[PDB]
Number of protein chains: 2
Amino acid sequence: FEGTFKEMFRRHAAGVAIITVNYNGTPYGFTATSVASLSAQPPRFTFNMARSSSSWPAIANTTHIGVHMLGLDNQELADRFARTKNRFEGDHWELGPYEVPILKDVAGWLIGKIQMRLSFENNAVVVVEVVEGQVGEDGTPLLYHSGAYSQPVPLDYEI
Amino acid sequence: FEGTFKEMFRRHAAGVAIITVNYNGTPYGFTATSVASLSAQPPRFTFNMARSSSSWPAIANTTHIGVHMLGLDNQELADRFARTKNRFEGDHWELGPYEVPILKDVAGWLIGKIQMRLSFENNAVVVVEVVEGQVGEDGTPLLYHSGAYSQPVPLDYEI
């Protein structure tokens, strides 16, 4: 049952984004599969994270964040931002609006103000209102499913 | 900018689930691309929906709901549950635990109790604690991206 729940989400595919935050001068960021649209007017999105993430204190104590949509050419960056090594070592980012860390060469990004976090024991829902953004290079979205990075192939359609 | 936000989520792929609820005897349900894992202990998931959904009153006023993970063989059911026709016309479901409508032949389902909804002007975040579930037939997950149902193909790996 702990099993059934973990299993069913193993079977649920997801798109891959990266969240960035500048916590009093130091950049933090992390790969995320829970980013979802919430509303259009005003524009908002949500994601979930663990309060044990190395980035939780940055998120708890900061207002502006970035979200980055990833394509297939961004798989290395996705893996970077999911592992424990220093994620900002390299020339792959720079500070943008509100001093949010902006990652180069992504499908596009949005900058938001965190409205609130809804915190449970070990995880939180984060609600963000979007204040800025920029479309990047169009490409094929990056997906993650049962532990592997994947690409979407549309299903046959006669049209 | 209304554009940039709508565009960036066009570029963000997603897995496809269906949410079902029994509102005082009548089944309601809807296809959803925002279902995400929140926590493991206790097990919880989140999704977002529009307060103008035909299913909002069911969700606002009911506690038990079902979520169904979909495979490629479930594309017709996904489309059913996204369109305005009577979604429960046919022999493709039955009442399960807590009288939740359970859809047949899916990748698996979970039953949850809605803890709360966080309601904005036109949309809400719904937080659900999982109380029951069952793995269905393993298969390939269904994805939805820029208006089309897709399948995930893993990216090449030398291993």
Side-chain angles (χ1 to χ4, degrees), chain A residues 1 3-5 7-14 32-34 36 46-53 56 82 118-125 144-148, chain B residues 14-23 27-49 55 58-59 62-72 74 77-78 81 92-112 114-118 125-136 138-143 152:
Chain A
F1 177 58
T4 296
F5 175 82
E7 180 53 8
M8 287 325 302
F9 279 93
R10 191 191 63 72
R11 296 190 184 192
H12 187 63
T33 46
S34 57
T46 52
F47 63 97
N48 303 332
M49 69 181 297
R51 292 184 54 249
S52 55
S53 168
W56 169 254
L118 192 54
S119 297
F120 298 82
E121 309 86 337
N122 299 295
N123 305 264
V125 177
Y144 191 75
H145 157 47
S146 188
Chain B
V16 184
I18 299 159
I19 295 281
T20 56
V21 55
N22 188 345
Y23 189 24
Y28 287 79
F30 53 93
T31 295
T33 46
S34 57
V35 167
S37 191
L38 174 56
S39 67
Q41 290 155 308
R44 314 190 224 274
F45 65 96
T46 52
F47 63 97
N48 303 332
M49 69 181 297
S55 301
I59 296 286
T62 307
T63 292
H64 296 91
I65 73 170
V67 66
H68 302 73
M69 280 65 176
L70 297 195
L72 302 198
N74 302 132
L77 191 73
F81 273 85
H92 60 280
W93 65 282
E94 66 202 318
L95 288 182
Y98 312 90
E99 306 269 284
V100 175
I102 303 293
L103 308 181
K104 303 176 169 166
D105 295 318
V106 297
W109 53 264
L110 305 178
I111 287 177
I114 296 173
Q115 303 295 289
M116 68 215 68
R117 314 111 187 108
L118 192 54
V125 177
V126 190
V127 180
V128 186
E129 183 175 323
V130 171
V131 295
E132 191 58 83
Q134 199 185 57
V135 191
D138 215 349
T140 296
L142 189 61
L143 322 166

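Naming: A, B, ... by sequence-line order, numbering from 1 per chain.
For the 3.5 Å distance criterion, the side chains of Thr62(B) and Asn22(B) fail to qualify, holding no donor opposite an acceptor.
The aromatic rings of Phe30(B) and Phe47(B) are tilted relative to each other, their planes meeting at an angle between 30° and 60°.
Among residues two or more places apart in sequence or in another chain, the side-chain hydrogen bond (donor to acceptor under 3.5 Å, both in side chains) test is passed with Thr20(B) by none. Not counting sequence neighbours, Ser53(A) has no partner by the side-chain hydrogen bond (donor to acceptor under 3.5 Å, both in side chains) test. Looking at residues two or more places apart in sequence or on another chain, you find a side-chain contact (heavy atoms from CB on, under 4.5 Å) between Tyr144(A) and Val16(A), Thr33(A), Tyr149(A). Remark: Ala13(A) engages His145(A), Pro141(B), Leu143(B) in a side-chain contact (heavy atoms from CB on, under 4.5 Å) (not counting sequence neighbours). For the side-chain contact (heavy atoms from CB on, under 4.5 Å) test, residues two or more places apart in sequence or in another chain that qualify with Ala50(A) are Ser52(A), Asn123(A). Listed by chain and number, the residues in a salt bridge (charged side-chain N to carboxylate O under 4.0 Å, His left out) with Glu121(A) are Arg44(B) (sequence neighbours excluded). Looking at residues two or more places apart in sequence or on another chain, you find a side-chain contact (heavy atoms from CB on, under 4.5 Å) between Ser119(A) and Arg51(A), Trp56(A), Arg117(A), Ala124(A).
We find the OG1-CG distance between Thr46(B) and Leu118(A) to be 10.0 Å, quoted to the nearest 0.5 Å.
Checked against the 6.0 Å centroid criterion, the rings of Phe1(A) and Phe5(A) do not qualify as a close aromatic pair.
Under the 3.5 Å distance criterion, the side-chain polar atoms of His68(B) are matched with a main-chain donor or acceptor of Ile18(B). In terms of modelled atom types and a separation under 3.5 Å, the side chain of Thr31(B) and the main chain of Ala78(B) share a donor-acceptor contact. Using a distance-only test at 3.5 Å, with no hydrogens or angles considered, a donor-acceptor pair links the side chain of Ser39(B) to the main chain of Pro42(B).
Looking at heavy atoms from C-beta onward, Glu99(B) lies out of side-chain contact with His64(B) at the 4.5 angstrom threshold. Counting heavy atoms from C-beta outward, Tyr23(B) and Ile59(B) have side chains that stay 4.5 Å or more apart.
Taking each heavy atom of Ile65(B) and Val128(B) in turn, the nearest pair found is CD1-CG2, 3.9 Å. Scanning all heavy atoms of the two residues, the minimum distance from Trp93(B) to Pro101(B) falls at CE3-CB, 4.1 Å.
The salt bridge (charged side-chain N to carboxylate O under 4.0 Å, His left out) contacts involving residues 28-43 of chain B comprise nothing, where partners must be two or more places apart or lie in separate chains.
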